[PDB]
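Have a look below at one chain only, the form deposited in one PDB entry, in structure tokens format.
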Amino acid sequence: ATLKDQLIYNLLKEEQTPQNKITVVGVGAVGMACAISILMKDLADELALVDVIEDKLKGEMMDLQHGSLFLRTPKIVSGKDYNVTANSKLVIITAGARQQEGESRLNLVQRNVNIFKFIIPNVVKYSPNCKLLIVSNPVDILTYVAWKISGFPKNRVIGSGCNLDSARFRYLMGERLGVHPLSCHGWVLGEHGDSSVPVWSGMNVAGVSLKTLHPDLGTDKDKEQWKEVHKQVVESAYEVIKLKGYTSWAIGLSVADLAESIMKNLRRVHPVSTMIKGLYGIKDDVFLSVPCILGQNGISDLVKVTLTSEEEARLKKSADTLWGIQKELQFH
């Protein structure tokens, strides 16, 4: 009669099935920041981690597990085999290839295509009703890639896109004004990167339009140079990488917030990357960021922002660029 059995009378067995499982693919600094942030917000009853480097994956799992006493997520698992990700509600993809010195953007994407041809089908096999959240750079293109390979409908394939960008924009907006970012409002949309669009018309505090107060807001002739705030948004990851050698915390928190709306079915609006053939004159299968309603079925609806002609043309240019790359990919 073992100690366990002298102590505990069993009366039930298992079923396997967990109810609120999240999987994070890739356990680099981004993936692990996604993981700790999700764990501390009690978003899941099971957390699976997956990556190709066995020792690192096991050490990260172990390290999280050793903190279980301080957490409310009772099952943390890992492995190279995707069997461990089974029945996940949300699967967050952070794994990707690192760009080499003399390598084209297109080649870097092709190498990510090849990687995703392993990852994505293994994900769908083991969790056919899950939402995909793609964080991997370049996120807009890799969301398309995940979409084509998975064969999921568009509402269940989401890219992190311009979500953190918008948060950064609001942080900075808050620093200028002396107000918490929760109470500053502003949207960065379109291509996550240099060609993202800061929507000046929507920027406000307490419903007071900044543009109405300051018509030259976000133009060259702006005495206060608010276009710099957006430049800072675009060059913020690069500036952090220079300083500490990578980014993690903001993106981790950012992703955990997206997971929160999905898992809890909150129907909050977030700027995330979605397939938007139809809108703003775009006619190719391309993912850009737009304010989306996020819930248990992924992106259920999206908000139609009125954009000026200039802004509209920025989204159109970004889509041509994205399609320019996507059309040279090889899936078969």
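In this text, rigid core is short for the largest set of C-alphas that superpose within 1.5 Å between two forms. For every residue, the number given is its place in the sequence shown, counted from 1.
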Avg C-alpha B-factor, entry values, 277-285 vs 34-42, higher side is 277-285
Taking the deposited Cα B-factors and averaging over 302-310 and over 261-269, the higher mean is found in 302-310
When the entry's CA B-factors for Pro181, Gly190, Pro121, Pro138 are compared, the highest one belongs to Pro121
Split the chain's modelled residues into thirds by Cα B-factor; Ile53 lands in the highest
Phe116: C-alpha B-factor third of its chain, per the entry, is the middle
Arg170: CA B-factor among chain residues, third -> lowest
Here the Cα B-factor of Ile22, set against its chain, lands in the third termed lowest
Of the three thirds of the chain ranked by Cα temperature factor, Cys130 occupies the middle
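Below: the form deposited in another entry, not depicted.
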In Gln99, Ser209, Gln232, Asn155, the 2 Å or greater C-alpha shift between the shown form and the other one, rigid core superposed, occurs only at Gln99
- Taking the rigid core as the reference frame, is the Cα of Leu108 displaced by 2 Å or more between the shown form and the other one? yes
